[PDB]
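1. how would this look folded up:
(one chain, ligands or ions: 4)
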Amino acid sequence: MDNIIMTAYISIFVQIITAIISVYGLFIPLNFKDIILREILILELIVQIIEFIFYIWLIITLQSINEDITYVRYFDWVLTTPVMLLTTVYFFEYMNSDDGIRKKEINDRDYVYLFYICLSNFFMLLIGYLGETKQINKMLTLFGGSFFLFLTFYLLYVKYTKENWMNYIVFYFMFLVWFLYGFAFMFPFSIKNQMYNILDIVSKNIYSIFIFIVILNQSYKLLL
Ligand SMILES: CCCCCC/C=C\CCCCCCCC(=O)OC[C@@H](O)CO
Ligand SMILES: *C/C=C(C)/C=C/C=C(C)/C=C/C1=C(C)CCCC1(C)C
Ligand SMILES: CCCCCCCCCCCCCCCCCCCC
Ligand code: NA
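-> Residues are numbered from 1 along each chain as shown. Ligands and ions are numbered 1, 2, ... in the order given. The coordinates are given below.
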């Protein structure tokens, strides 16, 4: 119980500071080519609203835990993970497009493919939820959930990446971190929840901080 709470507080600490940083980031002036970074940052903040509601619910609920509450995380994930996949797509498009590109152009062009990515991701989550609530066994959950994780990341890779180390860093870091949520699923209640509390810092807050630093680097001359 104590370590779940402690890791929850660590996660909340990083969430609060990341939210402050992100809000300031929204007001950094941007060159034309960089406008999509602010569109990404807005969406990451929206993800943070959901995440924070979950964490406040969690620390209140852990005072009197009587059931395995791990499944409640899926009510966050089903909202936040599709947004995070979209923002990832936007960032790859930003890195890889020779000319300035915005989210409306991407959405209007690729909505069908983006739906495929989010549908694959939804099946991953649904299988996980069935496993977390013990409606299917753990082995089926891991193999089915991992199948859809792979499919999601494959769809992302083949449409939106380029073959260079910048792309490999962003793609593989993310893929590994998301895979580690499946790794966490295997562990008992306390360890599993500690792992999710800390993985959220990496999958969400570190991404926001990254986008903020990219914004600051691109725009520092407009600031100074
Ligand atoms: C235009 C600059 C791009 C430079 C790209 C590579 C350079 C430096 C490393 C940046 C920090 C690591 C990558 C953060 C973005 C990322 O993968 O987050 C995924 C994470 O949340 C977990 O899922
Ligand atoms: C902010 C929260 C995030 C990014 C949550 C991510 C969750 C996953 C990538 C879940 C993965 C799973 C597997 C790969 C296998 C089946 C069980 C899951 C759902 C935990
Ligand atoms: C002992 C049980 C409770 C442990 C609480 C403390 C756990 C802290 C683990 C690290 C937290 C920060 C994670 C940062 C990201 C990991 C590496 C990222 C590389 C880019
Ligand atoms: Na459970």
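
2. ok, the closest residue to ligand 4 within the chain - contacts?
-> Ligand 4 sits closest to residue 68 of the chain, with a gap of 3.9 Å, by CB to the ion. C-beta: built from backbone N, CA, C; applies to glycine. Residues in contact with residue 68 (CB atoms under 8 Å, 6 or more residues apart in numbering) are residue 189.

3. what's the burial count for the residue in the chain positioned nearest to ligand 3?
-> Proximity of the chain to ligand 3 (CB to the nearest ligand atom) peaks at residue 3, 4.3 Å away. Per other CB atoms under 10 Å, the neighbour tally for residue 3 reads 12.

4. Verify the stated contact: it with residue 194.
-> Yes: counting by CB atoms under 8 Å, residue 3 does reach residue 194; the two are 5.5 Å apart.

5. For residue 108, give me its contacts.
-> With CB under 8 Å, 6+ apart, residue 108 has no contacts at all.

6. And it, how far from residue 114?
-> 11 Å (CB to CB, to the nearest Å).

7. And for residue 93?
-> Counting by CB to CB - residue 93 and residue 114 are separated by 11 Å.

8. Near ligand 1, which residues of the chain? Just list them.
-> 95, 166, 169-170, 173-174, 177, 202-203, 206-207, 210, 214 (CB under 6 Å from any ligand atom).

9. Please repeat the previous calculation with a cut-off of 8 Å.
-> 88, 91, 94-95, 165-167, 169-178, 202-204, 206-207, 210, 213-214, 217 (CB under 8 Å from any ligand atom).

10. List only buried entries from these.
-> 88, 91, 94, 167, 170-171, 174-175, 177-178, 202-204, 207, 214 (16 or more other CB atoms under 10 Å).

11. re earlier: just checking, which of the residues of the chain next to ligand 1 belong to strands?
-> Among the residues of the chain next to ligand 1, no residue falls in strands (DSSP state E).

12. Any idea how far the strand or helix carrying residue 15 is from the middle of the chain?
-> Residue 15 belongs to helix 2-25 when elements are defined using DSSP states H and E. Offset of helix 2-25 from its chain centre (CA atoms, centre = their mean, to the nearest Å): 15 Å.

13. And ligand 2, is it touching that?
-> No: on the criterion CB under 8 Å from any ligand atom, helix 2-25 is out of touch with ligand 2, staying 10.6 Å away.

14. what's that helix packed up against?
-> helix 35-61, helix 189-200, helix 206-223 (3 or more CB pairs under 8 Å, 6 or more residues apart in numbering; DSSP states H and E).
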